[PDB]
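The form deposited in one PDB entry is given below as one chain in structure tokens.
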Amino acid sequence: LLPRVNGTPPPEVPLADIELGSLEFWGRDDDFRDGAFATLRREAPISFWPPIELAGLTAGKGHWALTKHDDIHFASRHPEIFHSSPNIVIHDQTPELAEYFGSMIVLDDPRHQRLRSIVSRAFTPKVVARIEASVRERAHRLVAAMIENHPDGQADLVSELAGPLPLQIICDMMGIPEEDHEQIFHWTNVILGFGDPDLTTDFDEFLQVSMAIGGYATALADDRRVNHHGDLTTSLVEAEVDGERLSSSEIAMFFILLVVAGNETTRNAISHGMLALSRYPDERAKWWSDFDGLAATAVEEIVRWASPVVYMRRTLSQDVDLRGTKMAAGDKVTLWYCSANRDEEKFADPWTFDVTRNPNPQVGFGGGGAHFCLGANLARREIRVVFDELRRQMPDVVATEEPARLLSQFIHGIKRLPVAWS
């Protein structure tokens, strides 16, 4: 809709106008948000902010915002100081289920290392090969369904493609039958929508669906203990590292992590990638003329530009002094990947969406280290394949309206993105 010039810096946002602890700030467009973190990186690279308070329930204590690329990298490579426990968000609303929803992402070593090592062993060559074919199969069918279901040539990219694609791939690797997709999608959408303030989500309904998807996953894992199949669920019950195996409860907790951390992340990377290729058509023309050649750099820039995960929280176990800022033990620390992927000291011309950007030390998958995104390369494959099928079946697809943004501090979400093709 609105015309954009590639390489346009964000507006000058004064420091007095930045309120990271107010929900009003997170309702602004990306230009004001980018300009706010740009002012932070320049004038207050590490500052303390209160949490977002909804009038009524508790809010918790504040957090130190790390906006520089080096500070986020330093915090990611020192997990003994920046703990991932109890959780990785600013305020956990259900701390008794922190490990039930989080699985390995809320654990520290050695508990994190033992759990991740066994899960990584379950991704055998046979399981990965099925996952790769599923990415191509699902992306091809979803794009082809867009053409059939919309003879008018107009559709919403989120509901038709960017939404179901990451979750259908997760259901395929877990061996979930096609008839059970209705339950898995509904259960996941209620879980994701529970954080959305715009959608009234009943807390009692949130607990019911969280236990239902957990019971479905434990029963799915128990079924694979008797009936071997070529899915990830079977390999999860058979994987063993140093005599340690996974219980059905642990597998269910990992499945609940995937339907969130491995679902809405890739979704918003696709939507923002389509929005970037639409606002800067010279980049879509470059990639379309040499897709397999520019795919690696284009996917990496889409992740840097989108930054689907806005931040990740850490908890200090000891006192820290970085850039003259003295942070005490027990304080919360938030690693703002949205700001690090625009760091002027790390990226030349950071406001240019360049599908050929090299080098690209982007931290959209995190700053590296122990908790580095387990499905980072799978996410890269999902981004490349979905834009490959769009290039083949509807090469002129383009966004025709400004996106409907998700009101979130943790997810750079797009709720609706109208697109059109010929």
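Residues carry their position along the shown sequence, with the first being 1. Each form is matched to the other, and the largest set of C-alpha atoms that superpose within 1.5 Å is called the rigid core.
Not pictured, yet referred to below: the form deposited in another entry.
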Would you indicate which listed residue, out of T233, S339, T334, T266, moves its Cα by 2 Å or more between the shown form and the other one relative to the superposed core? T233
When the two forms are laid on each other by their rigid core, does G56 show a Cα shift of 2 Å or more between the shown form and the other one? yes
Superposing on the rigid core, is the Cα displacement of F101 between the shown form and the other one 2 Å or more? yes
Threshold 2 Å Cα movement between the shown form and the other one for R323, core superposed: no
In the other entry, whether the C-alpha atoms of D198 and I52 sit closer or farther than here (change of 3 Å or more): farther
With a shift of at least 3 angstroms, figure out whether the C-alpha spacing between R380 and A122 grows or shrinks in the other entry: closer or farther? closer
